[PDB]
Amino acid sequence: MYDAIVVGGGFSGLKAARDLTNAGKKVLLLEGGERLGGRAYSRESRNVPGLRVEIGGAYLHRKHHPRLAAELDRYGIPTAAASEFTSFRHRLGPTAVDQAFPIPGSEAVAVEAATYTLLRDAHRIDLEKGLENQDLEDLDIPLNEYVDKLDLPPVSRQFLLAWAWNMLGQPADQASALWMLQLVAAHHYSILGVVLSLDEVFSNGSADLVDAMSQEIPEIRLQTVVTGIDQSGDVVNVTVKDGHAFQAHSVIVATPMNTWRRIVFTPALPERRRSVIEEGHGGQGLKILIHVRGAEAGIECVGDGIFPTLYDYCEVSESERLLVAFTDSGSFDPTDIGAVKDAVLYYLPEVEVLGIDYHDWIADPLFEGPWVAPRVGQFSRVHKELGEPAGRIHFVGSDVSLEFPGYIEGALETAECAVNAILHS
């Protein structure tokens, strides 16, 4: 019997389990997989033997992510500034300029006006109240309709759409405008900031921080899949797939939102949460690492291709590199290499694709999705509650962070909040 059982060994669970430990509590961390880190997954490249790649969460920005920064400072984890872009190869039409900010002057007045509308709209969201408690329904519509209302000329329109596709992991017709404004809000009410937060990387991968953190957790069970969390008795009983149950005064669910439906909760969770939990969020982010020949360093491409963005990731040799493409799994099949060639050649006709590397987050039973993105209409029905305690069971993780959802920083923030709650209750 434990003071707390933490279910899930991504950053959320790891921080929770460690902080509770250091506070003097008796803590058990249960991880379903064979590794720690969750959606922060560094490993050897499938294409380049010996090369260590981030297959999920990679980037941070110290100004926007103070908790993460403090983790890095705590353990002396080195960070390098992310791959700089010297070469611009956009597909935004003939009037675009080949630089990082490709808007031409002919569009400046329009961009000015949209910047006001977007920020006005984002200034409606208060980041503590929850997206369902602020009469924001009018905004919770498909992104494409919202962007059609803005009436943007071609370059800025497509530029906005491409990054929106990248960041949200959803085509414009499935993405919620409200959620886009939520990301704008989370970045100190900045549209620009949403892209400028790709500022830094882990010099040796996320696993450095994963290991530094796990060092301080005395009890961890890998390969342990929780299937039931039962709080009907005086002490919470946690049921596991293959073996003896575990019990604790408190349980922290630190698993991905889309996996919650695979656990039996007793009693059943508060009913307002149930339909969203059953359908899952709509995130379909697809990140592909593309092994290439013939690409010069520092390329960045944004445009109207099936890869909204494609840019430099890593140097492999003097002739070979890794590029990264973002798109979504409903729109693109990464196992279709011809398709990948076409998507790449569209921006970079001189570039030869050697191979691809990715992780199928959706098909992974321990995840059932990459980062969170709500379906249209979801989060104006229920959002804040999803991360609220139901009795003695707490819910944490990037997925339910109000402050920085979809980012490592969000995983850390929700954890902090659960820890403090437990240290009083």
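C-alpha atoms forming the largest set that superposes within 1.5 Å between two forms make up the rigid core. One-based numbering along the sequence shown.
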Stretch with greater C-alpha deviation in 8 other deposited structures of this protein, 81-89 versus 249-257 (rigid core superposition): 81-89
Comparing 49-57 to 392-400 by root mean square Cα deviation from the shown form in 8 other deposited structures of this protein, core aligned, the larger deviation is found at 49-57
Comparing 236-244 with 89-97, which stretch shows the greater average C-alpha B-factor in the deposited entry? 236-244
304-312 set against 80-88, stretch whose average Cα temperature factor tops the other in the entry: 80-88
Determine which member of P349, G205, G338, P104 has the highest CA B-factor, using the values in the deposited entry. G205
The residue of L198, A185, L345, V155 with the maximal C-alpha B-factor according to the PDB record is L198
Could you say whether, by C-alpha temperature factor, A297 belongs to the lowest, middle or highest third of its chain? middle
Tertile call for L14 (CA temperature factor, within chain, third-based) is the lowest
Cα B factor band for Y59 (lowest, middle or highest third within the chain): highest
Relative to the other modelled residues of the same chain, rank the CA B-factor of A4 and answer lowest, middle or highest third. middle
Tell me, lowest, middle or highest third: where does the Cα B factor of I362 rank within its chain? middle
